[PDB]
Amino acid sequence: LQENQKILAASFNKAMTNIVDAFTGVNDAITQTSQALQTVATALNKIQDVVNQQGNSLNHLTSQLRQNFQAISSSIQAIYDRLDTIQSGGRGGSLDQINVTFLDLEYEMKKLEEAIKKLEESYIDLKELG
Amino acid sequence: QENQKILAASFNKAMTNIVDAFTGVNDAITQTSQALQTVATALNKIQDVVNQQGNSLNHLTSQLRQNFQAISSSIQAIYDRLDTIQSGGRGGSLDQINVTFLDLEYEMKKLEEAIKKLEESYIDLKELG
Amino acid sequence: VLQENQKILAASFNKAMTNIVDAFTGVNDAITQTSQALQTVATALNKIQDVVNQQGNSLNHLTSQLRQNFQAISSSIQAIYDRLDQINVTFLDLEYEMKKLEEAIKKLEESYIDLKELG
Ligand SMILES: [Cl-]
Ligand SMILES: [Cl-]
């Protein structure tokens, strides 16, 4: 019976070493998942920056265009007034609003940072275990 | 008998710690899943804004083309009235702009499938302890 | 008495081992699916960059044509009268992020539990 107890003790100790190895892997997975998610966060911030920049450029361009056409139309009409013509000199002078939208990922970036933090609180305490 | 009770004690201690470690795993699965779902929403919003901006751009160029045509016609009519060899027909056109759109439908489907399978992987803590 | 307790201990150990290998099997599936999810996000980010940079190019090409049309129109008007801003398009470059993301995915896939060693 003494032998049998030595065997069970041998099994238990071998199993623990493997279980510690397994949980070490798990900690590596958590670390790498966290890193990956942090990289995705960065990419998302960079996307918003460029997308919002492009929206601002579009808005500013449209504003300038509207002024250009207004000035041009004013000039053309004044020329027409001088020429005594029945033809219309008041076309091409205006620009409709084009509905430029913007990206705000504030809520999403915040939740993503939050999950990253809580993920990093999931690490197994291996020293306690093994 | 003495050796047995120390062994049973080791086993119970190990089980407590193992169940605790798997609890950490389940939390990690939950937070990974939450993170991916949040990324999914961000991707959807990015697509909406990118496609809106492509529509705004097409809509702008469309109006611009009409404005340049009307302006060019007026200038040509003035040149015709003035009896001039100088060209009144320049600045009247816009070349095609080539606006493209984003379609993440396939990616969104695969991401959802991966999130659902992730959430099938929880450890049954009650079975274990 | 003593043998009876020893059988219960062996039984407890085997049952726990069975449950532990099943649990780590789940862990491996979680690793697989997290990896898949991240590769899918990666593809999405590449497609976003493509469409964003194309739209930036279109905007530049447009602005270029516009400056020329306005110069021509301005010349025409001035000639009739005689007879009588920089748009900063930025571009998205995720190359560093894509490289780090790929590194994390590869290393995550190096964390699989060896179920055979455990079992
Ligand atoms: Cl994970
Ligand atoms: Cl055990």
# chains A, B, ... in the order shown; residues from 1 in each chain; ligands from 1
call {"tool": "residues_around", "arguments": {"residues": "residue 26 (chain C)", "least_positions_apart": "4", "cutoff": "9 Å", "atoms": "only C-alpha atoms", "output": "PyMOL selection string"}}
result
(chain B and resi 118+120-123) or (chain C and resi 21-22+30-31)
call {"tool": "write_last_selection", "arguments": {"atoms": "N, CA, C and O atoms", "output": "short mmCIF file (atom, residue, chain, number, x, y, z; two decimals), in the first residue's frame"}}
result
data_model
loop_
_atom_site.label_atom_id
_atom_site.label_comp_id
_atom_site.auth_asym_id
_atom_site.auth_seq_id
_atom_site.Cartn_x
_atom_site.Cartn_y
_atom_site.Cartn_z
N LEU B 118 -15.58 31.91 -29.56
CA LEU B 118 -14.82 32.30 -28.36
C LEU B 118 -15.67 32.11 -27.09
O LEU B 118 -15.21 31.50 -26.10
N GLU B 120 -18.19 30.15 -26.70
CA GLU B 120 -18.44 28.72 -26.42
C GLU B 120 -17.35 28.07 -25.55
O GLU B 120 -17.53 26.96 -25.07
N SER B 121 -16.25 28.78 -25.31
CA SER B 121 -15.04 28.18 -24.69
C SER B 121 -14.93 28.35 -23.18
O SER B 121 -13.93 27.95 -22.58
N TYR B 122 -15.96 28.94 -22.56
CA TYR B 122 -15.93 29.11 -21.10
C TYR B 122 -15.76 27.79 -20.37
O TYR B 122 -16.30 26.78 -20.78
N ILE B 123 -15.01 27.83 -19.28
CA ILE B 123 -14.80 26.66 -18.44
C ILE B 123 -16.00 26.54 -17.52
O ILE B 123 -16.41 27.53 -16.91
N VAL C 21 -8.10 18.71 -18.40
CA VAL C 21 -7.80 18.60 -19.83
C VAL C 21 -8.93 19.15 -20.71
O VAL C 21 -8.66 19.85 -21.68
N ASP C 22 -10.18 18.89 -20.35
CA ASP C 22 -11.34 19.48 -21.04
C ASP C 22 -11.31 21.02 -21.00
O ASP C 22 -11.51 21.68 -22.02
N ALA C 30 -10.36 29.00 -27.52
CA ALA C 30 -10.33 30.45 -27.28
C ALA C 30 -9.14 31.17 -27.96
O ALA C 30 -9.32 32.23 -28.57
N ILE C 31 -7.95 30.58 -27.86
CA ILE C 31 -6.73 31.08 -28.50
C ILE C 31 -6.91 31.13 -30.02
O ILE C 31 -6.68 32.16 -30.64
#
call {"tool": "residues_around", "arguments": {"residues": "residue 70 (chain B)", "least_positions_apart": "4", "cutoff": "12 Å", "atoms": "only C-alpha atoms", "output": "list in words"}}
result
residues 69, 72, 73, 76, 88, 89, 90, 91, 92, 93 and 94 of chain A; 63, 64, 65, 66, 74, 75, 76, 77, 89, 91, 92 and 93 of chain B; 73 of chain C
call {"tool": "interface_residues", "arguments": {"of": "chain A", "to": "chain C", "cutoff": "8 Å", "atoms": "only C-alpha atoms", "output": "PyMOL selection string"}}
result
chain A and resi 1+5+8+12+15+18-19+22+25-26+28-29+32-33+35-36+39-40+42-43+46-47+50-51+53-54+57-58+61+75-76
call {"tool": "atom_distance", "arguments": {"atom1": "CA of residue 119 (chain B)", "atom2": "CA of residue 42 (chain B)"}}
result
20.4 Å
call {"tool": "atom_distance", "arguments": {"atom1": "CA of residue 35 (chain B)", "atom2": "CA of residue 113 (chain A)"}}
result
8.3 Å
call {"tool": "interface_residues", "arguments": {"of": "chain C", "to": "chain B", "cutoff": "6 Å", "atoms": "only C-alpha atoms", "output": "number ranges by chain"}}
result
C: 19, 23, 26, 30, 33, 37, 40, 58, 69, 72-73
call {"tool": "write_last_selection", "arguments": {"atoms": "C-alpha atoms", "output": "short mmCIF file (atom, residue, chain, number, x, y, z; two decimals), in the first residue's frame"}}
result
data_model
loop_
_atom_site.label_atom_id
_atom_site.label_comp_id
_atom_site.auth_asym_id
_atom_site.auth_seq_id
_atom_site.Cartn_x
_atom_site.Cartn_y
_atom_site.Cartn_z
CA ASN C 19 -12.01 18.04 -16.17
CA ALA C 23 -10.93 23.02 -19.63
CA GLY C 26 -11.56 25.14 -24.32
CA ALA C 30 -10.33 30.45 -27.28
CA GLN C 33 -10.79 32.11 -32.18
CA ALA C 37 -10.88 37.53 -34.87
CA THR C 40 -10.21 39.46 -39.58
CA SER C 58 -9.57 61.71 -55.51
CA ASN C 69 -10.58 75.86 -64.06
CA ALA C 72 -8.85 79.86 -66.90
CA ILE C 73 -12.16 81.47 -65.79
#
call {"tool": "interface_residues", "arguments": {"of": "chain A", "to": "chain B", "cutoff": "7 Å", "atoms": "only C-alpha atoms", "output": "number ranges by chain"}}
result
A: 89, 91-92, 95, 98-103, 105, 108, 111-112, 115, 118-119, 122-124, 129
call {"tool": "atom_distance", "arguments": {"atom1": "CA of residue 62 (chain A)", "atom2": "CA of residue 76 (chain C)"}}
result
22.9 Å
call {"tool": "select_by_dssp", "arguments": {"residues": "region 24-124 of chain B", "states": "alpha helix (DSSP H)", "output": "JSON, numbers by chain"}}
result
{"B": [24, 25, 26, 27, 28, 29, 30, 31, 32, 33, 34, 35, 36, 37, 38, 39, 40, 41, 42, 43, 44, 45, 46, 47, 48, 49, 50, 51, 52, 53, 54, 55, 56, 57, 58, 59, 60, 61, 62, 63, 64, 65, 66, 67, 68, 69, 70, 71, 72, 73, 74, 75, 76, 77, 78, 79, 80, 81, 82, 105, 106, 107, 108, 109, 110, 111, 112, 113, 114, 115, 116, 117, 118, 119]}
call {"tool": "write_last_selection", "arguments": {"atoms": "C-alpha atoms", "output": "mmCIF file, in the first residue's frame"}}
result
data_model
loop_
_atom_site.group_PDB
_atom_site.id
_atom_site.type_symbol
_atom_site.label_atom_id
_atom_site.label_comp_id
_atom_site.auth_asym_id
_atom_site.auth_seq_id
_atom_site.Cartn_x
_atom_site.Cartn_y
_atom_site.Cartn_z
ATOM 1 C CA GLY B 24 -9.249 34.289 -14.388
ATOM 2 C CA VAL B 25 -9.389 32.488 -17.771
ATOM 3 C CA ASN B 26 -13.190 32.978 -18.007
ATOM 4 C CA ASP B 27 -12.755 36.700 -17.185
ATOM 5 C CA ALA B 28 -10.085 36.922 -19.878
ATOM 6 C CA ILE B 29 -12.497 35.312 -22.417
ATOM 7 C CA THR B 30 -15.236 37.766 -21.414
ATOM 8 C CA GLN B 31 -12.956 40.820 -21.752
ATOM 9 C CA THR B 32 -11.481 39.613 -25.048
ATOM 10 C CA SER B 33 -14.995 39.136 -26.378
ATOM 11 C CA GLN B 34 -16.064 42.600 -25.093
ATOM 12 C CA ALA B 35 -12.978 44.166 -26.718
ATOM 13 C CA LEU B 36 -13.711 42.488 -30.108
ATOM 14 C CA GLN B 37 -17.392 43.549 -30.019
ATOM 15 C CA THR B 38 -16.251 47.147 -29.335
ATOM 16 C CA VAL B 39 -13.797 46.910 -32.269
ATOM 17 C CA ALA B 40 -16.706 45.626 -34.392
ATOM 18 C CA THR B 41 -18.821 48.707 -33.588
ATOM 19 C CA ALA B 42 -15.870 51.012 -34.409
ATOM 20 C CA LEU B 43 -15.434 49.283 -37.816
ATOM 21 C CA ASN B 44 -19.157 49.768 -38.582
ATOM 22 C CA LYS B 45 -18.974 53.499 -37.683
ATOM 23 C CA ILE B 46 -15.773 53.921 -39.776
ATOM 24 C CA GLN B 47 -17.496 52.331 -42.782
ATOM 25 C CA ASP B 48 -20.573 54.601 -42.354
ATOM 26 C CA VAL B 49 -18.437 57.783 -42.254
ATOM 27 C CA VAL B 50 -16.080 56.735 -45.088
ATOM 28 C CA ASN B 51 -19.101 55.896 -47.307
ATOM 29 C CA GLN B 52 -20.915 59.135 -46.345
ATOM 30 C CA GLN B 53 -17.736 61.070 -47.318
ATOM 31 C CA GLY B 54 -17.560 59.260 -50.646
ATOM 32 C CA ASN B 55 -21.232 60.179 -51.287
ATOM 33 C CA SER B 56 -20.562 63.817 -50.317
ATOM 34 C CA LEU B 57 -17.603 63.853 -52.726
ATOM 35 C CA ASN B 58 -19.622 62.419 -55.664
ATOM 36 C CA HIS B 59 -22.419 64.849 -54.863
ATOM 37 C CA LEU B 60 -19.934 67.783 -54.824
ATOM 38 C CA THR B 61 -18.318 66.860 -58.169
ATOM 39 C CA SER B 62 -21.763 66.468 -59.756
ATOM 40 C CA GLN B 63 -22.718 70.058 -58.789
ATOM 41 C CA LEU B 64 -19.248 71.335 -59.829
ATOM 42 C CA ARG B 65 -19.575 69.851 -63.320
ATOM 43 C CA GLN B 66 -22.937 71.638 -63.787
ATOM 44 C CA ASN B 67 -21.568 74.932 -62.395
ATOM 45 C CA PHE B 68 -18.542 74.833 -64.738
ATOM 46 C CA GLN B 69 -20.782 74.055 -67.724
ATOM 47 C CA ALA B 70 -23.110 76.994 -66.946
ATOM 48 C CA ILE B 71 -20.164 79.357 -66.326
ATOM 49 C CA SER B 72 -18.407 78.246 -69.531
ATOM 50 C CA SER B 73 -21.618 78.730 -71.574
ATOM 51 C CA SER B 74 -22.039 82.301 -70.254
ATOM 52 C CA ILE B 75 -18.387 83.144 -70.989
ATOM 53 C CA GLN B 76 -18.670 81.692 -74.516
ATOM 54 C CA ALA B 77 -21.849 83.724 -75.135
ATOM 55 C CA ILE B 78 -20.041 86.902 -74.012
ATOM 56 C CA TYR B 79 -17.042 86.103 -76.316
ATOM 57 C CA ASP B 80 -19.426 85.508 -79.277
ATOM 58 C CA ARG B 81 -21.013 88.939 -78.663
ATOM 59 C CA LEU B 82 -17.604 90.672 -78.478
ATOM 60 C CA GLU B 105 -19.744 42.678 -44.733
ATOM 61 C CA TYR B 106 -17.566 39.552 -45.153
ATOM 62 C CA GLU B 107 -15.163 40.665 -42.397
ATOM 63 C CA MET B 108 -18.050 41.561 -40.042
ATOM 64 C CA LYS B 109 -19.585 38.074 -40.586
ATOM 65 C CA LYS B 110 -16.239 36.303 -39.858
ATOM 66 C CA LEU B 111 -15.601 38.466 -36.786
ATOM 67 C CA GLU B 112 -19.058 37.646 -35.376
ATOM 68 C CA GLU B 113 -18.503 33.912 -35.995
ATOM 69 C CA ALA B 114 -15.141 34.087 -34.180
ATOM 70 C CA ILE B 115 -16.672 35.999 -31.221
ATOM 71 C CA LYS B 116 -19.487 33.447 -30.853
ATOM 72 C CA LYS B 117 -17.039 30.503 -30.922
ATOM 73 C CA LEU B 118 -14.824 32.300 -28.359
ATOM 74 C CA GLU B 119 -17.846 32.507 -26.038
#
